[PDB]
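Since the structure comes first, as structure tokens, the remarks are kept for the end.
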RNA sequence: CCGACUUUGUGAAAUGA
RNA sequence: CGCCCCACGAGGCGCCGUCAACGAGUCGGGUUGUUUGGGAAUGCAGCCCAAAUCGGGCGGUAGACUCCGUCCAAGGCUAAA
RNA sequence: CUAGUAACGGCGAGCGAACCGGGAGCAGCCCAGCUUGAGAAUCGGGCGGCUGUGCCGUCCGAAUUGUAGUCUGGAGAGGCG
Ligand SMILES: [Mg+2]
Ligand SMILES: [Mg+2]
Ligand SMILES: [Mg+2]
Ligand SMILES: [Mg+2]
Ligand SMILES: [Mg+2]
Ligand SMILES: [Mg+2]
Ligand SMILES: [Mg+2]
Ligand SMILES: [Mg+2]
Ligand SMILES: [Mg+2]
Ligand SMILES: [Mg+2]
Ligand SMILES: [Mg+2]
Ligand SMILES: [Mg+2]
């Protein structure tokens, strides 16, 4: 027989975020690239990068 | 004709632009009867004859009871606008047959 | 976020949170607004007063364009003139504002104005907008 | 229905699940239109990619009466007064709209300046190689011809926000603009009642 | 030019001469089959203005149809349903008789394509139309640019699909503004469009 | 069931206008 | 790129004032039925009436008059999105 | 987008478009009618040729109850340049 409440193609697949909120998030991610403790916490082997 | 008043509300309200007179186009003569079509229609008119309600219009006009002439012409044709001019046309036919 | 829906916490509780005595059947009150005049009467005449009936006269083929009057209060007019051309001004010389250039048809009269004169040039004015502009020393120029 | 909520207007009593339209092909139409635009540009090289020229016209409708937009074509009056024949105008990248009417000099000269600008910066290849007839253009400047891309003659949608600074005159202060603005509303209300009494003034006296 | 004369003489349809000739033609028509080949149009002017030409391949076929409305074909007037669909005798067919005649001639005449059809005569029970048919395999039609457009495959059974003059009349395509905006491209197309729930991607 | 319009044309009389 | 050289025909442009021809049981009207958001009637259809050429259809309330805005149906073809 | 709006609905449940505007693409055309009358200038078919999706010649036929050409209202026909 069926499945309960069959899956349908018109789910909400794509969600929308405000353009300014995307930009703010890209700003915070760029800021977080600059902090060596954040990269090292995040899982990159950086003990020999110069600066 | 003359342009708007320039005031947003009131008699002839609107915004002022120097109005312009349109050149004559075709279709402003649209319906202006021509020499040959008048010739054709007038010739065929007596050859065919008059439709029976039009004959009743002739009778009521030559009696002179124009109100009922219009009334029956309206009840045949359908609307006052064409009933009126059908009565005018048939009055024209009666003047052009009592001219002689 | 189905991992958050409270149905998941109601797993194992036989009734899925809808009661044993009064069960959860299809539509025990009717589809939609059924019985506004009859048994949802309390609801409709408590929370939606004025729901039922005609009031007013019909208006065939309304265009919303015919009714377009964007309005601006007097208090916001001075934001429309830039600071430079607020400086390029004195007691006898005042800036001229075309609100129609800003998208406003009528100029309404809410709020304060600075004592500095201003010549607002609109399509429609209120009584009070004029009284406040005159009292501020400006003037009104009606255009369209 | 139950606790305080808007009266629902669900228009889902038909078989709407047979007519749901999903937009998963939106990127696909974007890319297909882009492809079609490239392959039209290469074919109509070196014609302008926006197509023929379009007139500055006013919109209808009190809400947008002041906001100019690109129309459909130049009128016959405009083509004639700019000196470009009817049947030739669509040939060289100029739309023609025989249905518009010119009701203002303000519109006509506005578009005539566009016709003159287009003819000023127009180049036309000869129908053949060596034969350069009237209306053509010289090879030396034909040789640098490019395909302009985008809108090559932009239209300002509203006249620019300009606020100059002027004097406040005494007779300008004396002007009761609201009283003015009520007087013609009164006249518009009374327009029938006035002309009627005028009509029987003539009819009797 | 005689066609103005003859056209006006057919405009006067209640005159004595037209009454005579039209009654006698009505009798002659009533004494023949429903669909009959006729060599030449009885209304040359009307045929011409609709695209008839004295050229090979254009044939004229006279079609008879009964009059009156469409009375519902149900077994005893019994219509099982709610009272609002329960009538029989005052229902009207949503195609005009001109179209019915074209759609009779089109079915019986497979190898030819319907161009137009025009009223010729009428009585209490039967309307007579003349249908202009075109033979599209015939070289004299293949070589006439004004009529090649009818040889392309997309113009098959125009009559059966609602594309002729009568077709557009009963489809309500005679009009453009309001009062006629639902019928473009078709009533069913606009119903589908207005019923499609548009669920945008980023809704 | 019956009434009107329609196919539905021709001329004749008697009563109303 | 090469040979073939484009007219007294057609077109465009300028002027003139003379003509200026345009689709009928079709429009349109009544009534009925269906349909529409279309409401003194949105389309369509049946029956009856049935045209106009200083005219005809519109201007979302039926009606008559005056003026104004607008278009030219009852034949046909036509990609693109 | 207008808009779950004007409207429609035992004005209850409900139902519900359009104009404007922004975009995608944008291309407009041809007939019938008055118009060769020194003269059917048009079309088809059989046969024949060649260069062969056609062209040409000859002979029949269609057609004057009108094929071709000019015209389509934005016009057009005439006359001058
Ligand atoms: Mg519990
Ligand atoms: Mg619960
Ligand atoms: Mg239970
Ligand atoms: Mg309960
Ligand atoms: Mg209980
Ligand atoms: Mg009760
Ligand atoms: Mg269901
Ligand atoms: Mg049905
Ligand atoms: Mg109806
Ligand atoms: Mg078509
Ligand atoms: Mg809203
Ligand atoms: Mg419905």
Mean per-residue count of partner chain Cβ within 10 Å for B:6-16 equals 6
Quick calc of log₁₀ I(q)/I(0), segment D:103-163, Debye, one scatterer on every Cα, no solvent, q values 0.15, 0.16 1/Å, result -0.69, -0.75
With bins of 5 Å, the percent of all Cα-Cα pairs of segment C:92-144 per bin from 0 is 5, 22, 33, 27, 12, 1
Mean 1/r over distinct Cα pairs of the protein assembly as shown, inverted to a Kirkwood Rh in Å, yields 36.6 Å
Within 10 Å of the Cβ of an average residue in E:11-20, the count of other chain Cβ atoms is 4
Mean separation of Cα contacts under 8 Å (at least 6 apart) over the residue count of segment D:1-110, i.e. the relative contact order in percent, is 19 percent
One point scatterer per Cα, no solvent, Debye formula: log10 I(q)/I(0) for chain B at q = 0.12, 0.13, 0.14, 0.21 Å⁻¹ comes out as -0.63, -0.67, -0.71, -1.12
Checked segment E:1-143 with the C-alpha gyration tensor, a ≥ b ≥ c its square-rooted eigenvalues, rounded below a/c of 1.5, otherwise prolate if a/b is larger than b/c and oblate if not; verdict oblate
Rounded to a whole number, the mean other protein chain Cβ count within 10 angstrom for residues of E:170-180 is 0
Largest-first semi-axes in Å of the equivalent ellipsoid built from the Cα gyration tensor of segment C:1-71 are 43, 22, 11
With -39,500 (n - 2.57) per DSSP H segment of 4 or more residues and division by the full residue count of chain B, the 222 nm estimate, nearest 500 deg cm²/dmol, is -18500 deg cm²/dmol
Longest principal axis of chain C (C-alpha) makes with the long axis of helix C:127-136 (C-alpha) an angle, in degrees to the nearest 10, of 40 degrees
Note to self: C-alpha centroids of segment E:106-178 and segment C:1-74 sit apart, in Å, by 55 Å
Taking Cα atoms, the helix D:105-120 axis meets the longest principal axis of chain D at an angle in degrees (rounded to 10) of 10 degrees
Percent of all alpha-carbon pairs of segment E:41-115 at distances over 18 Å, whole number, is 58 percent
Mean projected area, convex hull of alpha-carbon positions in segment D:1-83, reported to one decimal in nm², is 13.0 nm²
Once normalised by the length of chain E, the mean sequence separation of its alpha carbon contacts under 8 Å that are 6 or more apart gives a contact order in percent of 18 percent
With -39,500 (n - 2.57) per DSSP H segment of 4 or more residues and division by the full residue count of chain D, the 222 nm estimate, nearest 500 deg cm²/dmol, is -11500 deg cm²/dmol
At 4 °C in a medium of viscosity 1.567 mPa s, chain A has a Stokes-Einstein diffusion coefficient, with Rh taken as the Kirkwood radius over alpha carbon pairs, in µm² per second, of 85 µm²/s
Between the Cα axis of helix D:177-204 and the main Cα principal axis of chain D, the angle (0 to 90°, nearest 10) is 70 degrees
For D:23-29, D:197-203, E:37-43, ranked highest to lowest by mean beta-carbon neighbours within 10 Å, the order is E:37-43, D:23-29, D:197-203
Kirkwood radius from Cα pairs of segment D:146-188 plugged into Stokes-Einstein at 20 °C, 1.002 mPa s, gives D in µm²/s equal to 137 µm²/s
Output ordering of D:182-195, C:33-46, E:7-20 (per-residue mean of other Cβ within 10 Å, highest first) is E:7-20, C:33-46, D:182-195
The orientation-averaged projected area of the Cα convex hull of chain D, in nm², is 29.4 nm²
From fewest to most C-beta neighbours within 10 Å, the residues D:91, D:49 line up as D:91, D:49
tail above 21 Å in the computed P(r) of segment E:1-70, as % of all Cα-Cα pairs, reads 40 percent
Kirkwood calc, segment C:55-144, C-alpha pairs only, radius in angstrom 14.1 Å
Here the equivalent ellipsoid of segment C:1-125, derived from its Cα gyration tensor, has semi-axes (largest first, whole Å) of 59, 26, 13
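Values quoted throughout were computed directly from the atomic coordinates according to the rules given, and no laboratory measurement underlies them. When we count neighbours, we look across all protein chains shown, and the Cβ atoms used for this are built from the backbone with ideal geometry, even at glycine.
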